[PDB]
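What follows is work.csv (CSV, N, CA and C atoms and all ligand atoms).
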chain,number,residue,atom,x,y,z
A,222,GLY,N,-6.3,-191.3,-235.0
A,222,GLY,CA,-7.8,-191.3,-235.2
A,222,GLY,C,-8.6,-190.9,-233.9
A,223,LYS,N,-7.9,-191.1,-232.8
A,223,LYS,CA,-8.4,-190.8,-231.4
A,223,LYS,C,-9.2,-189.4,-231.3
A,224,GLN,N,-8.5,-188.3,-231.7
A,224,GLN,CA,-9.1,-187.0,-231.5
A,224,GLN,C,-10.4,-186.9,-232.3
A,225,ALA,N,-10.4,-187.4,-233.5
A,225,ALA,CA,-11.7,-187.3,-234.4
A,225,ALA,C,-12.9,-187.8,-233.6
A,226,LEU,N,-12.7,-189.0,-233.0
A,226,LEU,CA,-13.8,-189.6,-232.3
A,226,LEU,C,-14.2,-188.7,-231.1
A,227,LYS,N,-13.3,-188.0,-230.5
A,227,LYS,CA,-13.6,-187.1,-229.4
A,227,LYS,C,-14.4,-185.9,-229.9
A,228,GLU,N,-14.0,-185.4,-231.1
A,228,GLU,CA,-14.7,-184.3,-231.7
A,228,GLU,C,-16.1,-184.8,-232.1
A,229,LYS,N,-16.3,-185.9,-232.6
A,229,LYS,CA,-17.6,-186.4,-233.0
A,229,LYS,C,-18.5,-186.5,-231.8
A,230,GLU,N,-18.0,-187.0,-230.7
A,230,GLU,CA,-18.8,-187.2,-229.5
A,230,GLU,C,-19.3,-185.8,-228.9
A,231,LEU,N,-18.4,-184.8,-229.0
A,231,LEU,CA,-18.8,-183.5,-228.5
A,231,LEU,C,-19.9,-183.0,-229.4
A,232,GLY,N,-19.8,-183.3,-230.7
A,232,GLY,CA,-20.8,-182.9,-231.6
A,232,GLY,C,-22.1,-183.6,-231.4
A,233,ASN,N,-22.1,-184.9,-231.1
A,233,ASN,CA,-23.3,-185.7,-230.8
A,233,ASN,C,-24.0,-185.1,-229.6
A,234,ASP,N,-23.3,-184.8,-228.6
A,234,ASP,CA,-23.9,-184.3,-227.3
A,234,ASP,C,-24.6,-183.0,-227.6
A,235,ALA,N,-24.0,-182.1,-228.5
A,235,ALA,CA,-24.6,-180.9,-228.8
A,235,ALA,C,-25.8,-181.0,-229.7
A,236,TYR,N,-25.7,-181.9,-230.7
A,236,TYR,CA,-26.9,-182.2,-231.5
A,236,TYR,C,-28.1,-182.6,-230.7
A,237,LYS,N,-27.9,-183.5,-229.7
A,237,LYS,CA,-29.0,-184.0,-228.9
A,237,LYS,C,-29.7,-182.9,-228.1
A,238,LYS,N,-29.0,-181.8,-227.8
A,238,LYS,CA,-29.6,-180.7,-227.1
A,238,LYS,C,-30.1,-179.6,-228.0
A,239,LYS,N,-30.1,-180.0,-229.3
A,239,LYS,CA,-30.6,-179.1,-230.4
A,239,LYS,C,-29.6,-177.9,-230.6
A,240,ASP,N,-28.4,-178.0,-230.2
A,240,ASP,CA,-27.4,-177.0,-230.4
A,240,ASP,C,-26.7,-177.4,-231.7
A,241,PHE,N,-27.3,-177.1,-232.8
A,241,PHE,CA,-26.9,-177.5,-234.1
A,241,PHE,C,-25.6,-176.8,-234.6
A,242,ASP,N,-25.4,-175.5,-234.3
A,242,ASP,CA,-24.2,-174.8,-234.8
A,242,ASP,C,-23.0,-175.5,-234.2
A,243,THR,N,-23.0,-175.8,-232.9
A,243,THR,CA,-21.9,-176.5,-232.2
A,243,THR,C,-21.7,-177.8,-232.8
A,244,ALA,N,-22.8,-178.6,-233.0
A,244,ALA,CA,-22.7,-179.9,-233.6
A,244,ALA,C,-21.9,-179.9,-234.9
A,245,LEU,N,-22.4,-179.0,-235.8
A,245,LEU,CA,-21.7,-178.9,-237.2
A,245,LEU,C,-20.3,-178.6,-237.1
A,246,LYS,N,-19.9,-177.6,-236.2
A,246,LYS,CA,-18.5,-177.3,-236.1
A,246,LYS,C,-17.6,-178.4,-235.6
A,247,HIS,N,-18.1,-179.2,-234.7
A,247,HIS,CA,-17.3,-180.3,-234.2
A,247,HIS,C,-17.3,-181.5,-235.2
A,248,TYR,N,-18.4,-181.7,-236.0
A,248,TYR,CA,-18.4,-182.7,-237.0
A,248,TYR,C,-17.4,-182.3,-238.1
A,249,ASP,N,-17.3,-181.0,-238.4
A,249,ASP,CA,-16.4,-180.5,-239.4
A,249,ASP,C,-14.9,-180.8,-239.0
A,250,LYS,N,-14.6,-180.6,-237.7
A,250,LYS,CA,-13.2,-180.9,-237.2
A,250,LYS,C,-13.0,-182.4,-237.3
A,251,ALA,N,-14.0,-183.2,-237.0
A,251,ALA,CA,-13.8,-184.7,-237.1
A,251,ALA,C,-13.6,-185.1,-238.6
A,252,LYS,N,-14.3,-184.5,-239.5
A,252,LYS,CA,-14.1,-184.8,-241.0
A,252,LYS,C,-12.7,-184.4,-241.4
A,253,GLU,N,-12.3,-183.3,-240.9
A,253,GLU,CA,-11.0,-182.7,-241.3
A,253,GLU,C,-9.9,-183.8,-240.9
A,254,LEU,N,-10.1,-184.4,-239.7
A,254,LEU,CA,-9.1,-185.3,-239.2
A,254,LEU,C,-9.2,-186.8,-239.8
A,255,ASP,N,-10.4,-187.2,-240.2
A,255,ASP,CA,-10.7,-188.5,-240.6
A,255,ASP,C,-11.7,-188.4,-241.8
A,256,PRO,N,-11.2,-187.9,-243.0
A,256,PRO,CA,-12.0,-187.7,-244.2
A,256,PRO,C,-12.6,-189.0,-244.9
A,257,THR,N,-12.2,-190.2,-244.5
A,257,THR,CA,-12.7,-191.4,-245.1
A,257,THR,C,-13.8,-192.0,-244.3
A,258,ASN,N,-14.2,-191.3,-243.2
A,258,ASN,CA,-15.2,-191.8,-242.3
A,258,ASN,C,-16.6,-191.2,-242.7
A,259,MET,N,-17.5,-192.0,-243.2
A,259,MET,CA,-18.8,-191.5,-243.7
A,259,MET,C,-19.7,-191.1,-242.5
A,260,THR,N,-19.5,-191.6,-241.3
A,260,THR,CA,-20.3,-191.3,-240.2
A,260,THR,C,-20.4,-189.8,-239.8
A,261,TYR,N,-19.3,-189.1,-239.9
A,261,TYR,CA,-19.4,-187.7,-239.6
A,261,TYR,C,-20.3,-186.9,-240.6
A,262,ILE,N,-20.3,-187.4,-241.8
A,262,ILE,CA,-21.1,-186.8,-242.9
A,262,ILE,C,-22.5,-187.1,-242.7
A,263,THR,N,-22.9,-188.4,-242.4
A,263,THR,CA,-24.3,-188.7,-242.1
A,263,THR,C,-24.8,-188.0,-240.9
A,264,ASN,N,-23.9,-187.8,-239.9
A,264,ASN,CA,-24.2,-187.1,-238.7
A,264,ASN,C,-24.6,-185.6,-239.1
A,265,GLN,N,-23.8,-185.0,-240.0
A,265,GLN,CA,-24.1,-183.6,-240.4
A,265,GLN,C,-25.5,-183.6,-241.1
A,266,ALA,N,-25.8,-184.7,-241.8
A,266,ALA,CA,-27.0,-184.8,-242.5
A,266,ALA,C,-28.2,-184.8,-241.5
A,267,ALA,N,-28.0,-185.4,-240.4
A,267,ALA,CA,-29.0,-185.5,-239.3
A,267,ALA,C,-29.2,-184.1,-238.8
A,268,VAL,N,-28.2,-183.3,-238.7
A,268,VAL,CA,-28.3,-181.9,-238.2
A,268,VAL,C,-29.2,-181.1,-239.2
A,269,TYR,N,-28.9,-181.1,-240.5
A,269,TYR,CA,-29.7,-180.4,-241.4
A,269,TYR,C,-31.1,-180.9,-241.5
A,270,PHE,N,-31.3,-182.2,-241.3
A,270,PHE,CA,-32.6,-182.8,-241.3
A,270,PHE,C,-33.4,-182.1,-240.2
A,271,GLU,N,-32.8,-182.0,-239.0
A,271,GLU,CA,-33.5,-181.4,-237.8
A,271,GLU,C,-33.7,-179.9,-237.9
A,272,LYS,N,-32.9,-179.3,-238.8
A,272,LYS,CA,-33.1,-177.8,-239.0
A,272,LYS,C,-34.2,-177.7,-240.0
A,273,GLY,N,-34.6,-178.7,-240.6
A,273,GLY,CA,-35.7,-178.6,-241.7
A,273,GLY,C,-35.1,-178.4,-243.1
A,274,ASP,N,-33.8,-178.5,-243.2
A,274,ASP,CA,-33.2,-178.3,-244.5
A,274,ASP,C,-33.0,-179.7,-245.2
A,275,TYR,N,-34.1,-180.3,-245.6
A,275,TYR,CA,-34.1,-181.6,-246.2
A,275,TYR,C,-33.2,-181.7,-247.4
A,276,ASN,N,-33.2,-180.7,-248.3
A,276,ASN,CA,-32.3,-180.8,-249.4
A,276,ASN,C,-30.9,-180.9,-249.1
A,277,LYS,N,-30.4,-180.1,-248.1
A,277,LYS,CA,-29.0,-180.2,-247.7
A,277,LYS,C,-28.7,-181.6,-247.1
A,278,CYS,N,-29.7,-182.1,-246.3
A,278,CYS,CA,-29.5,-183.4,-245.7
A,278,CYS,C,-29.3,-184.4,-246.8
A,279,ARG,N,-30.1,-184.4,-247.8
A,279,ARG,CA,-29.9,-185.4,-248.9
A,279,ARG,C,-28.6,-185.2,-249.6
A,280,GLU,N,-28.2,-184.0,-249.8
A,280,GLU,CA,-26.9,-183.8,-250.5
A,280,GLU,C,-25.8,-184.4,-249.7
A,281,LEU,N,-25.8,-184.3,-248.4
A,281,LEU,CA,-24.8,-184.8,-247.5
A,281,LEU,C,-24.9,-186.4,-247.5
A,282,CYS,N,-26.1,-186.9,-247.5
A,282,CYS,CA,-26.2,-188.4,-247.5
A,282,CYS,C,-25.6,-188.9,-248.8
A,283,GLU,N,-25.9,-188.3,-250.0
A,283,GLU,CA,-25.3,-188.7,-251.2
A,283,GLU,C,-23.7,-188.7,-251.1
A,284,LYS,N,-23.2,-187.6,-250.6
A,284,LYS,CA,-21.8,-187.4,-250.4
A,284,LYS,C,-21.2,-188.6,-249.5
A,285,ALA,N,-21.9,-188.9,-248.4
A,285,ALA,CA,-21.5,-189.9,-247.5
A,285,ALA,C,-21.4,-191.3,-248.2
A,286,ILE,N,-22.4,-191.5,-249.0
A,286,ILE,CA,-22.5,-192.8,-249.7
A,286,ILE,C,-21.3,-192.9,-250.7
A,287,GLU,N,-21.0,-191.8,-251.4
A,287,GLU,CA,-19.9,-191.8,-252.3
A,287,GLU,C,-18.6,-192.2,-251.5
A,288,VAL,N,-18.3,-191.5,-250.4
A,288,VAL,CA,-17.2,-191.8,-249.6
A,288,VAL,C,-17.2,-193.3,-249.1
A,289,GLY,N,-18.4,-193.7,-248.7
A,289,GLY,CA,-18.5,-195.1,-248.2
A,289,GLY,C,-18.3,-196.2,-249.2
A,290,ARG,N,-18.7,-196.0,-250.5
A,290,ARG,CA,-18.5,-197.0,-251.5
A,290,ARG,C,-17.0,-197.2,-251.7
A,291,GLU,N,-16.2,-196.2,-251.4
A,291,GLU,CA,-14.7,-196.3,-251.6
A,291,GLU,C,-14.2,-197.4,-250.7
A,292,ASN,N,-14.7,-197.3,-249.4
A,292,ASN,CA,-14.3,-198.3,-248.4
A,292,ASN,C,-15.4,-199.4,-248.4
A,293,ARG,N,-15.3,-200.4,-249.2
A,293,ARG,CA,-16.3,-201.5,-249.4
A,293,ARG,C,-16.7,-202.3,-248.1
A,294,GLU,N,-16.6,-201.7,-246.9
A,294,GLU,CA,-17.0,-202.4,-245.7
A,294,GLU,C,-18.1,-201.7,-244.9
A,295,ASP,N,-18.5,-200.5,-245.4
A,295,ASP,CA,-19.6,-199.7,-244.7
A,295,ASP,C,-21.0,-200.0,-245.2
A,296,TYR,N,-21.3,-201.2,-245.5
A,296,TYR,CA,-22.7,-201.5,-246.0
A,296,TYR,C,-23.8,-201.1,-245.0
A,297,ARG,N,-23.5,-201.3,-243.7
A,297,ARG,CA,-24.5,-200.9,-242.7
A,297,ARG,C,-24.7,-199.4,-242.6
A,298,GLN,N,-23.6,-198.6,-242.8
A,298,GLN,CA,-23.7,-197.2,-242.7
A,298,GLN,C,-24.3,-196.6,-244.0
A,299,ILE,N,-24.1,-197.3,-245.1
A,299,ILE,CA,-24.7,-196.9,-246.4
A,299,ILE,C,-26.2,-197.1,-246.3
A,300,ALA,N,-26.6,-198.2,-245.6
A,300,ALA,CA,-28.0,-198.5,-245.4
A,300,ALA,C,-28.6,-197.3,-244.6
A,301,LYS,N,-27.9,-196.9,-243.6
A,301,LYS,CA,-28.4,-195.8,-242.8
A,301,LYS,C,-28.5,-194.5,-243.6
A,302,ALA,N,-27.5,-194.2,-244.5
A,302,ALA,CA,-27.6,-193.0,-245.3
A,302,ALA,C,-28.8,-193.0,-246.2
A,303,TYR,N,-29.0,-194.2,-246.9
A,303,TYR,CA,-30.2,-194.3,-247.7
A,303,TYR,C,-31.5,-194.1,-246.9
A,304,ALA,N,-31.5,-194.7,-245.7
A,304,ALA,CA,-32.7,-194.5,-244.9
A,304,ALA,C,-33.0,-193.1,-244.5
A,305,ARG,N,-31.9,-192.3,-244.2
A,305,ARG,CA,-32.0,-190.9,-243.9
A,305,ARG,C,-32.6,-190.1,-245.1
A,306,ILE,N,-32.2,-190.5,-246.3
A,306,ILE,CA,-32.7,-189.8,-247.5
A,306,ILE,C,-34.2,-190.1,-247.5
A,307,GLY,N,-34.5,-191.4,-247.3
A,307,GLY,CA,-35.9,-191.8,-247.3
A,307,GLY,C,-36.7,-191.0,-246.3
A,308,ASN,N,-36.2,-190.9,-245.1
A,308,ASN,CA,-36.9,-190.1,-244.0
A,308,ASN,C,-37.1,-188.6,-244.4
A,309,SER,N,-36.2,-188.0,-245.1
A,309,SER,CA,-36.3,-186.6,-245.5
A,309,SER,C,-37.4,-186.5,-246.5
A,310,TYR,N,-37.6,-187.5,-247.4
A,310,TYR,CA,-38.7,-187.4,-248.4
A,310,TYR,C,-40.0,-187.7,-247.6
A,311,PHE,N,-40.0,-188.6,-246.6
A,311,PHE,CA,-41.2,-188.9,-245.8
A,311,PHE,C,-41.7,-187.6,-245.1
A,312,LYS,N,-40.7,-186.8,-244.5
A,312,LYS,CA,-41.1,-185.6,-243.8
A,312,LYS,C,-41.9,-184.6,-244.7
A,313,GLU,N,-41.4,-184.6,-246.0
A,313,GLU,CA,-42.1,-183.7,-247.0
A,313,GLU,C,-43.3,-184.4,-247.7
A,314,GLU,N,-43.7,-185.5,-247.2
A,314,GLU,CA,-44.9,-186.2,-247.8
A,314,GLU,C,-44.7,-186.6,-249.2
A,315,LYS,N,-43.4,-186.9,-249.6
A,315,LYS,CA,-43.1,-187.3,-251.0
A,315,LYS,C,-42.8,-188.8,-250.8
A,316,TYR,N,-43.9,-189.5,-250.5
A,316,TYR,CA,-43.9,-190.9,-250.2
A,316,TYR,C,-43.3,-192.0,-251.2
A,317,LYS,N,-43.5,-191.8,-252.5
A,317,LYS,CA,-42.9,-192.7,-253.5
A,317,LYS,C,-41.4,-192.7,-253.4
A,318,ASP,N,-40.8,-191.6,-253.2
A,318,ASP,CA,-39.4,-191.4,-253.1
A,318,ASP,C,-38.9,-191.9,-251.7
A,319,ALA,N,-39.8,-191.8,-250.7
A,319,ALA,CA,-39.4,-192.3,-249.4
A,319,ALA,C,-39.3,-193.8,-249.5
A,320,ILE,N,-40.3,-194.4,-250.0
A,320,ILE,CA,-40.3,-195.9,-250.1
A,320,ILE,C,-39.2,-196.4,-251.0
A,321,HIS,N,-38.9,-195.7,-252.1
A,321,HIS,CA,-37.8,-196.1,-252.9
A,321,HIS,C,-36.5,-196.2,-252.2
A,322,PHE,N,-36.2,-195.1,-251.4
A,322,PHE,CA,-34.9,-195.1,-250.7
A,322,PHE,C,-34.9,-196.1,-249.5
A,323,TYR,N,-36.1,-196.4,-249.0
A,323,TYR,CA,-36.1,-197.4,-247.9
A,323,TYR,C,-35.7,-198.7,-248.5
A,324,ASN,N,-36.2,-199.0,-249.7
A,324,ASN,CA,-35.8,-200.2,-250.4
A,324,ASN,C,-34.3,-200.3,-250.7
A,325,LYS,N,-33.7,-199.2,-251.1
A,325,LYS,CA,-32.3,-199.2,-251.3
A,325,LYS,C,-31.6,-199.5,-250.0
A,326,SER,N,-32.1,-198.9,-248.9
A,326,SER,CA,-31.5,-199.2,-247.6
A,326,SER,C,-31.6,-200.6,-247.2
A,327,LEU,N,-32.9,-201.2,-247.2
A,327,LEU,CA,-33.1,-202.5,-246.8
A,327,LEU,C,-32.2,-203.6,-247.6
A,328,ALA,N,-32.0,-203.3,-248.9
A,328,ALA,CA,-31.2,-204.2,-249.7
A,328,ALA,C,-29.8,-204.3,-249.2
A,329,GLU,N,-29.3,-203.2,-248.7
A,329,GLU,CA,-27.9,-203.2,-248.1
A,329,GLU,C,-27.9,-203.9,-246.8
A,330,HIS,N,-28.9,-203.5,-245.9
A,330,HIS,CA,-29.0,-204.1,-244.6
A,330,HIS,C,-30.4,-203.9,-244.1
A,331,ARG,N,-31.0,-205.1,-243.8
A,331,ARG,CA,-32.4,-205.0,-243.3
A,331,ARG,C,-32.4,-204.6,-241.8
A,332,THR,N,-33.3,-203.7,-241.4
A,332,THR,CA,-33.4,-203.2,-240.1
A,332,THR,C,-34.9,-203.1,-239.8
A,333,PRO,N,-35.4,-203.5,-238.6
A,333,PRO,CA,-36.8,-203.4,-238.3
A,333,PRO,C,-37.3,-202.0,-238.3
A,334,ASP,N,-36.6,-201.0,-237.9
A,334,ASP,CA,-37.1,-199.6,-237.9
A,334,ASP,C,-37.4,-199.2,-239.3
A,335,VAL,N,-36.4,-199.4,-240.2
A,335,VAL,CA,-36.6,-199.0,-241.6
A,335,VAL,C,-37.8,-199.7,-242.2
A,336,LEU,N,-37.9,-201.0,-242.0
A,336,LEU,CA,-39.0,-201.8,-242.5
A,336,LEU,C,-40.3,-201.2,-242.1
A,337,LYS,N,-40.4,-200.9,-240.8
A,337,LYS,CA,-41.6,-200.3,-240.2
A,337,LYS,C,-42.0,-199.0,-240.9
A,338,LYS,N,-41.0,-198.1,-241.0
A,338,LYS,CA,-41.2,-196.8,-241.7
A,338,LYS,C,-41.7,-197.0,-243.1
A,339,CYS,N,-41.1,-198.0,-243.8
A,339,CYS,CA,-41.5,-198.3,-245.2
A,339,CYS,C,-42.9,-198.8,-245.2
A,340,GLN,N,-43.3,-199.7,-244.3
A,340,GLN,CA,-44.7,-200.2,-244.3
A,340,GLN,C,-45.7,-199.0,-244.1
A,341,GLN,N,-45.3,-198.1,-243.2
A,341,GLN,CA,-46.1,-197.0,-242.9
A,341,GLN,C,-46.3,-196.1,-244.1
A,342,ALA,N,-45.2,-195.8,-244.8
A,342,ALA,CA,-45.3,-195.0,-246.1
A,342,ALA,C,-46.1,-195.8,-247.1
A,343,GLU,N,-46.0,-197.1,-247.2
A,343,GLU,CA,-46.7,-197.9,-248.2
A,343,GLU,C,-48.2,-197.8,-247.9
A,344,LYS,N,-48.6,-197.8,-246.6
A,344,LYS,CA,-50.0,-197.8,-246.3
A,344,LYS,C,-50.6,-196.4,-246.7
A,345,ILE,N,-49.8,-195.3,-246.4
A,345,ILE,CA,-50.3,-194.0,-246.7
A,345,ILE,C,-50.4,-193.8,-248.2
A,346,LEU,N,-49.5,-194.3,-249.0
A,346,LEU,CA,-49.5,-194.1,-250.5
A,346,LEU,C,-50.6,-194.9,-251.1
A,347,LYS,N,-50.7,-196.2,-250.7
A,347,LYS,CA,-51.7,-197.1,-251.2
A,347,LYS,C,-53.1,-196.5,-251.1
A,348,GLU,N,-53.4,-195.9,-249.9
A,348,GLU,CA,-54.7,-195.3,-249.6
A,348,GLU,C,-54.9,-194.1,-250.6
A,349,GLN,N,-53.8,-193.4,-250.9
A,349,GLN,CA,-53.9,-192.3,-251.8
A,349,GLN,C,-54.1,-192.7,-253.2
B,1,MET,N,-35.8,-187.5,-232.8
B,1,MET,CA,-34.8,-187.0,-233.7
B,1,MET,C,-34.0,-188.1,-234.4
B,2,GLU,N,-33.5,-187.7,-235.6
B,2,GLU,CA,-32.7,-188.7,-236.4
B,2,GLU,C,-31.5,-189.1,-235.5
B,3,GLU,N,-31.1,-190.4,-235.6
B,3,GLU,CA,-30.0,-190.9,-234.8
B,3,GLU,C,-28.6,-190.6,-235.3
B,4,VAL,N,-27.7,-190.2,-234.4
B,4,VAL,CA,-26.3,-189.9,-234.8
B,4,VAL,C,-25.5,-191.1,-234.3
B,5,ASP,N,-24.4,-191.4,-235.0
B,5,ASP,CA,-23.5,-192.4,-234.7
B,5,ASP,C,-22.1,-191.9,-234.1
C,401,NI,NI,-16.6,-176.6,-229.1
Please lay out the structure from this file as structure tokens.
Amino acid sequence: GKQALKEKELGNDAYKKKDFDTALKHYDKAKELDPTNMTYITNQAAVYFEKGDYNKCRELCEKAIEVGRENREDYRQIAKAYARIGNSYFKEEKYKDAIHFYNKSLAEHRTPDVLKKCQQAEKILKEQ
Amino acid sequence: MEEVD
């Protein structure tokens, strides 16, 4: 499992500098080596989110959750996957869906950042 | 940016 984590980290470093092609290629190698790890998939979802491809981001998040449900110990990462789907809807101003997925996320694992994002989306929707 | 793990 060692090499996969090395590949993931080189991908993370690239992602942060906005070098998305490099990030995807290293995450691909990490997935090839450790296919039951949903983190490499959610990381690829982050890359598409930042490229503005919200649909692909959500497709990957759904995929990650599928993989994660197999290993019944990833509740925190599943919460993260749901939150990312929520964020992608938020970016597109599709607030009802953003709120709905933040709730799915919170039910798995409550986090202050997701709660804050949800409250923000709730305030925007309520006013509308 | 979105957070990576
Ligand atoms: Ni490389």
| query | Could you work out how far atom N of residue 271 (chain A) lies from atom C of residue 318 (chain A), giving the answer in Å with one decimal? | reply | 17.2 Å
| Counting all atoms listed in the file, what residues are within 8 Å of ligand NI 401 (chain C), given as a PyMOL selection string? | chain A and resi 231-232+243-244+246-247
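Residue-level contact on chain A: within 6.5 Å of chain B, counting all atoms listed in the file, the set is residues 260, 264 and 267 of chain A.
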Please produce an output containing N, CA and C atoms for each residue in the selection, written as a tab-separated table (two decimals), in the frame of the given file.
chain	number	residue	atom	x	y	z
A	260	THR	N	-19.50	-191.60	-241.30
A	260	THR	CA	-20.30	-191.30	-240.20
A	260	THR	C	-20.40	-189.80	-239.80
A	264	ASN	N	-23.90	-187.80	-239.90
A	264	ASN	CA	-24.20	-187.10	-238.70
A	264	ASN	C	-24.60	-185.60	-239.10
A	267	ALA	N	-28.00	-185.40	-240.40
A	267	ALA	CA	-29.00	-185.50	-239.30
A	267	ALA	C	-29.20	-184.10	-238.80
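Relative to atom N of residue 342 (chain A), CA of residue 266 (chain A) is found at 21.4 Å.
Our summary of the geometry notes that atom N of residue 277 (chain A) is positioned 17.7 Å from atom C of residue 321 (chain A).
Nearest to residue 222 (chain A) of all the residues A:327, A:235, A:245, A:254 is A:254, counting all atoms listed in the file.
Using only N, CA and C atoms, the shortest contact distance between residue 259 (chain A) and any of A:278, A:299, A:226, A:346 is found at A:299.
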| task | From a DSSP pass on the backbone, collect the residues of region 223-342 of chain A flagged as helix (DSSP H, G or I) and hand them back as number ranges by chain. | result | A: 223-237, 241-254, 259-272, 275-291, 296-312, 316-329, 333-342
